[PDB]
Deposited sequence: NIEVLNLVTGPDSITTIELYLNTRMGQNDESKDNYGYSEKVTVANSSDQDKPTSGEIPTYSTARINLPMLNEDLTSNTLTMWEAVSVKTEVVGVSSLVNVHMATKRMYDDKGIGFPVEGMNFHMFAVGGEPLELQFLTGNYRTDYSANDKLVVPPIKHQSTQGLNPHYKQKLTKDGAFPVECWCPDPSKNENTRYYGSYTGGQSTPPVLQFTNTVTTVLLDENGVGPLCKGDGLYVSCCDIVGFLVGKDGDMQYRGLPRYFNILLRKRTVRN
């Protein structure tokens, strides 16, 4: 796409506001354990590594329809994004394991944190890479994973790619952003691991993330579609007996877009 000048004047700007609910594994808002995974299980061996249905976090994603419009395209300029419900983690009276010989607080949601978001003018492009090439996803046929397994996928094998085109279906554990593509998407992510690690989270309505690239051009929304993707794991809830479930939080987005003239 050859990018030309900005379209100026009234109605040259628009904003899109949305939220995405977490996809930790139990993704149905009407059912038990919503916003958590099912109980985590552990493989007996690497050749019998078959996660139960609903114990695997997936990416959240949506395509948003923009106002219908050389051609003109919507250009994403900036985004204000926040994790919602951080204060919900200030809760140590739930039915959990507890400190100091059953006299102390319940364990707060704690441990692994994974936070990412992406804003682009087309689906986020994915690279397959896994800690175990033999992982068997057949307990849940709604998960999108490659049809074949190979040893090489514990590293970067460029023959194993995808696009994030379905909410609550692409496991985070085996799909990551493809850094060799995504020219029309901006993504940002972080991971803090360990077993019981303190979550460290911020929330504010005052921070704007600029989406323009080094040439001053933001994602250009092909077919008037804006693509938003994320995942926000804030830790594990530790049940009385030591059973553990991922806990995720929703993410809010306020995206500013402007009209851009392009060739063709």
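Counting from 1 along the deposited sequence, give me every gap where there's no C-alpha, start to finish.
-> Since the structure holds only modelled residues, the stretches it omits are 1, 71 to 77.
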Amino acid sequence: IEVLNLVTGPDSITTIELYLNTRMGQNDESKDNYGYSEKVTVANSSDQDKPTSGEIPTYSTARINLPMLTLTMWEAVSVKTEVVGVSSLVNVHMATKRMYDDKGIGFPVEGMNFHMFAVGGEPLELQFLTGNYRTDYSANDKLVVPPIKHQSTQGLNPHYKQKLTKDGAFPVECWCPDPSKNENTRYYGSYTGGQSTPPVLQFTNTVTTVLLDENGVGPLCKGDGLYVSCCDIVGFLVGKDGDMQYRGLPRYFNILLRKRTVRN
From here on, numbers count along this sequence of modelled residues.
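Can you tell me which stretch has the higher mean Cα B-factor, 124 to 132 or 140 to 148?
-> Result: 140 to 148.
Mean temperature factor over C-alpha atoms, higher-scoring stretch between 226 to 234 and 50 to 58 = Taking the mean B-factor of the alpha carbons in each, 50 to 58 is higher.
Which one of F117, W74, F170, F114 shows the top CA temperature factor in the record?
-> Of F117, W74, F170, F114, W74 has the highest C-alpha B-factor.
Comparing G104 with the other modelled residues of its chain, is its CA B-factor in the lowest, middle or highest third?
-> Its C-alpha B-factor, which the entry lists for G104, ranks in the highest third among residues of this chain.
Considering only modelled residues of the same chain, in which third does the CA B-factor of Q202 rank: lowest, middle or highest?
-> Middle third by C-alpha B-factor.
Third of chain Cα B-factors occupied by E214 | It belongs to the highest third of the chain when residues are ordered by C-alpha B-factor.
When the modelled residues of the chain are sorted by Cα temperature factor, does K163 land in the lowest, middle or highest third?
-> Middle third - that is where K163 ends up once the chain's C-alpha B-factors are sorted.
Ranked C-alpha temperature factor of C176 among modelled chain residues, by third | For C176, the deposited C-alpha B-factor lands in the middle third.
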